[PDB]
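# Understanding the architecture of this molecule
Now for the letters of each chain:
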Amino acid sequence: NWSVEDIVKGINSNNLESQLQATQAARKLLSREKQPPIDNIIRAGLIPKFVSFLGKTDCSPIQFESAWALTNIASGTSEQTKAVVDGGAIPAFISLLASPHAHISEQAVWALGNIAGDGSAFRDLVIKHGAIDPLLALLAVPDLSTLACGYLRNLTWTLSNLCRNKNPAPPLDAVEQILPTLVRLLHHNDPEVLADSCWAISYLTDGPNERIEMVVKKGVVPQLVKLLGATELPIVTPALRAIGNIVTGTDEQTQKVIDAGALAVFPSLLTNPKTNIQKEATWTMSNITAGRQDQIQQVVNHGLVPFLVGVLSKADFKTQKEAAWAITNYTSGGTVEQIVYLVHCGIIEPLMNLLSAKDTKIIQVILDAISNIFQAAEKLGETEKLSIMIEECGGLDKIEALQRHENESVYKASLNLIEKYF
Amino acid sequence: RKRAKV
Ligand SMILES: [Cl-]
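What the entry reports as its method is X-ray crystallography, with 2.0600 Å given for the resolution.

Have a look at this one:
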């Protein structure tokens, strides 16, 4: 437990071994205190010295201690990461990726992940310095299982950070260069590798349809659906996020998710005890019901409408909001038969019960659904017996009370329904 | 996004 000035005195000595002991003392400060003195280290001017120690191939111990110390500085604020980058650390770490000492190469991987994890600017600067080639070469082995578990996990996590962030998204050529390795990692049988691999995919699919196509063309959808059914929550969460991103694209992209068997998993996802899973599963459903009518029919066939009625009936409000969207898209693009079936499953009552929430956006969504439901009844000549349903469950008391609502389109559609069916 | 080695 040295003081910062003692560390300074050692690193400023003209003795490599005294520099080594001081650098190690710094590393222990930065890795053992709950609130490490990163800023005091930076202010003392030690970052340039640490960076210079990265290049002392004749003393692998001081390479490791400096790499560890800089890794933990880089794991702090954007300003602390910037101090590491400003000391010229990026090229020095990339040159350590070729080290014959596995624990040193791993530490350089770790440090680069923290730098890239700061944002799109440093992510792209790591790429411009040529980090991808040597990173991917560390995984150019016939069987990933022969690599150390902690080593492989750190490589996967750092790669996911190179896929991370938008405004802008990673360079297209960088994504194409990484994807083959990501796909291979997506099949490795370690829970942590799988989780971070799914996260990387979820980042790459969070964008316009051309980005989604890059991923879907690699044929990873069936594997994502498989991980969607995993028992480890840390895997299901990113797998579901990736699947949800894919279904925001075209109807053809959404169809690959359906063809892979995704809908069969949603009974459990839509009743999953983790609130976030249920919410994201219902968001995914809302983008499937906005597709073609034959895709709406697969939702019906898989028995998922009762589950939408269930979430609409009882769930976290954010989840109910997503379900309301799911029903509006359903009724806008669905056939008359499909809309009739939706009523026969009990959609109306829970739909009405949600017309008394403190959220203007959901009321609008609900009222558009009712209109598109009434529209389907007009085409069948029984707007009456639907009006009674909405009456018997207390739906007319709400819609009446919404005509006197302080908002643009609430009383608009409210008046319209009242005076056209009631 | 960032990890310290502790
Ligand atoms: Cl029935």
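Next comes the rest of the description.
## Considerations on the overall build of chain A
Check the secondary structure of chain A and you find 28 helices and zero strands. Put simply, chain A has 422 residues, and 53% of those count as buried. Restricting to contacts in chain A with at least 6 residues of sequence separation, those with at least 24 account for 68%. Taken as a whole, chain A presents about 18,600 Å² of accessible surface, with 50% of it coming from carbon and sulfur. Across chain A, the mean location of the 35 positive side-chain charges is 5 Å away from that of the 44 negative side-chain charges.

## Points about the layout of surface pockets
Residue and element names in this part refer to chain A. In this structure, the largest pocket spans a volume of roughly 240 Å³. If you go around the largest pocket, the residues you meet are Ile339, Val340, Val343, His344, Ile373, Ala376, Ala377, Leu380, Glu382, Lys385, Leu386 and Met389. When residues of the lining of the largest pocket are traced back to their parent elements, those giving at least two are α23 (336-344), α25 (360-380) and α26 (383-392). Residues that form the lining of the largest pocket fall into these classes: nine nonpolar, one polar and two charged. Considering the residues around the second largest pocket, the lining is formed by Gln364, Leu367, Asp368, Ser371, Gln375, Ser409, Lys412, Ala413, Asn416, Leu417, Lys420 and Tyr421. Sorting the residues of the lining of the second largest pocket by element identifies α25 and α28 (408-421) as the ones contributing at least two each. No other element matches α28, which puts seven residues into the lining of the second largest pocket. A class-by-class count of the residues in the lining of the second largest pocket yields four nonpolar, five polar and three charged.

## A few points about a negative patch on the surface
Residues and elements named next belong to chain A. Negative charge collects at one region of the surface, where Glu391, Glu392, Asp397 and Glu400 lie side by side. Those elements that place two or more of their residues in the negative patch are α26 and α27 (395-403). Position of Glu391 relative to the elements: it lies in helix α26.

## Some thoughts on helix α13 (residues 191-204) of chain A
Two residues of an α-helix separated by three or four positions point the same way, owing to the 3.6 residues in each turn. Residues and elements named next belong to chain A. With 14 residues, α13 should cover 20 Å at 1.5 Å per step; its first-to-last C-alpha distance of 20 Å lies within 8% of that length. Of all the 14 residues making up α13, eleven are buried; the element is thus mostly covered by neighbouring parts of the structure. Within the sequence span of α13, burial applies to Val193, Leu194, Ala195, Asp196, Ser197, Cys198, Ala200, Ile201, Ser202, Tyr203 and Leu204. Tucked into the core, α13 has its buried residues touching α11 (149-162), α12 (172-185), α14 (209-216), α15 (221-228) and α16 (233-246). The opening residue of α13 is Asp190, an N-cap whose side-chain oxygen sits 3.1 Å from the backbone nitrogen of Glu192.

## Topic: the nonpolar core
Residues and elements named next belong to chain A. Of all hydrophobic cores here, the largest spans 147 residues; its most connected members are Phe50, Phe93, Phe266 and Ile370. Counting residues per element, this core draws most heavily on α25, at eleven residues. Setting aside chain neighbours within four positions, we find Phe93 in contact with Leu54, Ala67, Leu70, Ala108, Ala111 and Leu112.

Thresholds, definitions, all that
- Residues numbered from 1 in each chain as written, not as in the entry; some residues may be left out.
- Chains lettered and ligands numbered in written order.
- Heavy atoms only, no water.
- Residues with missing side-chain atoms left out of burial classes, pairs and counts.
- Helix = DSSP H or I, 4+ residues; strand = E, 2+ residues; numbered from the N terminus.
- Buried < 20%, exposed > 50% of the residue type's maximum accessible area, 1.4 Å probe, protein only.
- Contact = heavy atoms within 4.5 Å.
- Areas by Shrake-Rupley, 256 points an atom, 1.4 Å probe, with all protein chains shown as cover.
- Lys, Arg positive; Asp, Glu negative; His and termini not counted.
- Charge placed at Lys NZ, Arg CZ, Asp CG, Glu CD.
- 1 Å grid on protein atoms, 1.4 Å probe; cavity = no way out; pocket = protein on both sides within 12 Å on 5 of 7 lines; lining within 4 Å.
- Points joined across faces, edges and corners; volume = space filled by probe spheres on them.
- Nonpolar A, V, L, I, M, F, W, Y, C, P; charged D, E, K, R; others polar.
- Patch = residues over 30% accessible without salt bridge, like charges linked within 9 Å, V, L, I, M, F, W, Y side chains within 5 Å.
- Salt bridge = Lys/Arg side-chain N within 4 Å of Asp/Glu carboxyl O.
- Expected span 1.5 Å × (residues − 1).
- Polar contact = N/O pair within 3.5 Å; in protein donor to acceptor, adjacent residues only side chain to side chain.
- Core = buried A, V, L, I, M, F, W, Y, C linked by side-chain atoms within 4.5 Å.

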